[PDB]
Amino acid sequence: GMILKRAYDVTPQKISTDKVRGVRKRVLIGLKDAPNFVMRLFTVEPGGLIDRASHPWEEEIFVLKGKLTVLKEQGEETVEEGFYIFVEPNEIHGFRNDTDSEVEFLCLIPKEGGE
């Protein structure tokens, strides 16, 4: 009834699609465990990109490492470690890493969005 684990030890999944490149995703608390919302840890390699998209659920993010470029419906904004982000349902968003080192952020979504 209590899981305690080092996030780094969760095997990351490489994501490479027409919309996502240079990203790896760790599912920390996924559908097997979560009654309501899931916890993922994304690592964005230098030059990695999560292109703009939207979805019917909200997203809650905490920036763990580095300088994250946040794509908005209009323009972009760069945030750093120690920022949180709340993405309303349906809001256009994406992410890019313009720096020379890896960026990490924690991403939580309601379980309807999958893990």
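In case it trips you up, residue 1 is the first one in the sequence shown, and so on.
Per-stretch averaging of Cα B factors for 51-59 and 66-74 places 66-74 on top. Two stretches are in play, 93-101 and 10-18, and the higher mean C-alpha B-factor belongs to 10-18.
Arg40: CA B factor lies in the lowest third for its chain, per the PDB record. Among the modelled residues of its chain, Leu31 has a C-alpha B-factor that falls in the highest third, as given in the PDB entry.
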